[PDB]
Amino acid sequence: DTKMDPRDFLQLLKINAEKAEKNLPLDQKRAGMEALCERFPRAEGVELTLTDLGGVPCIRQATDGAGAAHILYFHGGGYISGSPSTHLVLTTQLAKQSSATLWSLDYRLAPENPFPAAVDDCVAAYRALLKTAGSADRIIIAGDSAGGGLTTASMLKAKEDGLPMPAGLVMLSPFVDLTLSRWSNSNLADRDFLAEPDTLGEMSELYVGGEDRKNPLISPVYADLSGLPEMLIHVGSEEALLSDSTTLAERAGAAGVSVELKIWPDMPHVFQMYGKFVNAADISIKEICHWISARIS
């Protein structure tokens, strides 16, 4: 089974970023993702049911053998784009390999629904999943990029709303500091062909709206993370957002949260989307599934 050399795959990404249409209308940018991400391979045997959680739509994903494990999954794409469909590549492999039922949430997006819309849908969805699952102990919250951020932030809100914390949190290249100001944002920008460093400002500004970027529910790095459940963070080396993950780990760590972080050589932003090309991607996926399933009881 054939793979790119990680470095050659960065060269492919570099080309893609170079040729990117600079001011792509957001609605065209969204259809472009839907169209490309459709040609990525879905995990065989994983069925997809179109449905809802607390009346927020989601695509539910499982084989014919799923145990009683559950994953609440929040796709990424900077709060302004992405949907469950784009992230099937990834979410169906997590479902299949965990033997869990994954619920991939279609949270309201910005700019048409600014913060706190997405955070509200996430908490609303978890509320409902507890009913369906029966216990918090059987739920992992999981997400990439903006969704990795949502995975902490929704859990900070739910805890304040008095809901029971779930079994663990999985973040892939979390986006958790929208000040965009730490070491990696200056020092690795030139290495990140996916994150959109040069625009992330207004990427974020659409979702932020009027709010404070250090609002703890916008940027969970500034929050009070105490009481949160076990975290697992995977981030690639080639990331403008690397310091978001080392900072999250630092601040959560200091708040008494168990934290496992793993940084992958030569991998780009949310490299787990690209198993077709790089073997690290499947290894990360498989590590994620081992962890999910070890502690979901």
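In this text, residue numbers run from 1 along the sequence as written.
Visitor: Of 38-46 and 266-274, which one has the bigger average CA B-factor?
Guide: Mean B over CA atoms: larger for 38-46.
Visitor: Using only C-alpha atoms and the B-factors in the entry, which stretch averages higher, 151-159 or 207-215?
Guide: Per the PDB entry, the higher value belongs to 207-215.
Visitor: Just to confirm, going by the entry's C-alpha B-factors, which of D106, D224, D192, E112 comes out highest?
Guide: The C-alpha B-factor peaks, among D106, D224, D192, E112, at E112.
Visitor: With respect to the C-alpha temperature factors reported in the PDB entry, which of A280, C289, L12, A20 ranks highest?
Guide: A20 has the highest C-alpha B-factor of those listed.
Visitor: Among the chain's modelled residues, which third holds the C-alpha B-factor of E202?
Guide: Its C-alpha B-factor belongs to the highest third of this chain's values.
Visitor: Sort the modelled residues of this chain by their C-alpha B factor and say whether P164 lands in the lowest, middle or highest third.
Guide: Within its chain, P164 is a middle-third residue by C-alpha B-factor, going by the deposited values.
Visitor: Using the B-factors in the PDB entry, rank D5's C-alpha atom against the chain and give the third, lowest, middle or highest.
Guide: It falls in the middle third of the chain.
Visitor: Sorting the chain's modelled residues by C-alpha B-factor, tell me whether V56 ends up in the lowest, middle or highest third.
Guide: Answer is highest: the recorded C-alpha B-factor places it there.
Visitor: Pull the Cα B-factor of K131 out of the PDB entry and bin it into the chain's lowest, middle or highest third.
Guide: For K131, whose C-alpha B-factor we compare with every modelled residue in the chain, the answer is the highest third.
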